[PDB]
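Here we start with a single chain on its own, the form deposited in one PDB entry, put down as structure tokens.
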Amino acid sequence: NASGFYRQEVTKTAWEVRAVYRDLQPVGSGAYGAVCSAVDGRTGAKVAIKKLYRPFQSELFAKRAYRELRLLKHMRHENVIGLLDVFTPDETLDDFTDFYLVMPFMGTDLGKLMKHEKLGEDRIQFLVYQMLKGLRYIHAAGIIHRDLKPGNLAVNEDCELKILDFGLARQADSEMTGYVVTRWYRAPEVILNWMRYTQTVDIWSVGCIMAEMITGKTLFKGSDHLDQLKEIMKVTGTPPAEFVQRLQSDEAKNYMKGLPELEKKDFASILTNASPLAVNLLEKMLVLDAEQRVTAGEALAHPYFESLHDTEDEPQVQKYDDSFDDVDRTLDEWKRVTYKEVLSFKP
């Protein structure tokens, strides 16, 4: 009887995908899953499939995989990756151990684009514009991405961009559980490992990405958390109610209070080939005070984008709801709520 699915060893690990999804090339590995590109037999459409790493290993691993899925399913916007499909080859709830999310595959990302130098000087306003259109929507659903980087900005043939990888994103008013690994593009409050921060952590990351696009050079390097903060101070200057207060750590308080005391370098001299308009937006994105950081919509209303004559409006979107995922559930209860989501997605 026509199975629905075929098996394919890919990097010595067994993928079982729909008969419709053919020609599995591997493209990525993550904490939480591995990604393959594939062609959708129906349409010819290129497609990304994430095989979740052992999602039912624990209550909280199932909870985070459920959260990733529910979020992707929530988010319908040109510049945000969307959920096309989700399936399991397990033929029963009692066998249910692995499941697969299916997004569009744009063809490349920034960073792969920047490595091979192909990122046109003319393409930069339009790419940074699409990131912020995308963020304006993600933030309007009351979500923080928390892990913007070149790798997570997919770009197609015609320089159209989509924000990838929601496996660390969390409701903006909730607790920021989960360790952000990626180092260069994280805001102070991520580096400081705060349990509450705002959506302007994502604006900081955009700043870091824009600068790096313009100069082809990573704005902030850093060995560990505390050093990456030192580097930030070299571009931004030292602040008052931080090094004599909010480091929850005497050793770190001391380090900052006992180092050579220099003040905000002019971005113009770091970004020696940048529009003075561009420099200006970057100075508004790369502020330590998160309340002073420009937000997604504030950024798009900057003069650096005036040339895009696209007023648009403020595309209204529903806020995501924390509450259904925060319901206590055993592992069996998580398998049954997830299997319900798969059945909902049968073709």
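Residue positions are given as counts along the sequence shown, with the first one as 1. The term rigid core refers to the maximal set of C-alpha atoms that superpose within 1.5 Å between the two forms.
This protein has a second form, the form solved in complex with a small molecule, left out of what is shown; the following refers to that one.
Residue among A48, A278, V294, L288 with a heavy atom within 4.5 Å of the small molecule in the deposited complex: Contact residue from the list: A48.
Would you kindly say which of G151, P89, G178, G142 lies with a heavy atom within 4.5 Å of the small molecule in the deposited complex? Selected residue: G151.
Have a look at 161-169, 267-275, 232-240, 114-122 and name the one stretch with heavy atoms inside 4.5 Å of the small molecule in the deposited complex. That would be 161-169.
How about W204 - does it come within 4.5 Å of the small molecule in the deposited complex, if we only consider non-hydrogen atoms? No - in the deposited complex, heavy atoms of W204 and the small molecule never come within 4.5 Å of each other.
In the deposited complex, does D85 come within 4.5 Å of the small molecule, counting heavy atoms only? Heavy-atom contact with the small molecule at 4.5 Å: absent for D85.
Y100, heavy atom within 4.5 angstroms of the small molecule in the deposited complex: Contact with the small molecule, no.
Taking heavy atoms and a 4.5 Å cut-off, does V27 contact the small molecule in the deposited complex? Answer yes; at least one heavy atom of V27 falls within 4.5 Å of the small molecule in the deposited complex.
State which of the options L259, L277, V235, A268 undergoes a Cα shift of 2 Å or more between this form and the one not shown, taking the core as fixed. C-alpha shift of at least 2 Å: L259.
Taking 2 Å as the cut-off, check whether the CA of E59 shifts that much or more between this form and the one not shown after a rigid core fit. Yes; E59 is a residue whose C-alpha shifts (by 2 Å or more) between this form and the one not shown when the cores are overlaid.
Does superposing the core leave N193 with a CA shift of 2 Å or more between this form and the one not shown? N193 C-alpha, core-superposed: shift of 2 Å or more.
Do you see a C-alpha shift of 2 Å or more at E157 between this form and the one not shown, with the core held fixed? The answer is no; the displacement is under 2 Å.
At a change of 3 Å or more, would you call the C-alpha separation of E242 and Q228 in the deposited complex closer or farther than in the form supplied? Result: farther.
Residue pair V181, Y185 - Cα distance in the deposited complex, closer or farther (3 Å or more): They are closer; the C-alpha distance drops by 3 Å or more in the deposited complex.
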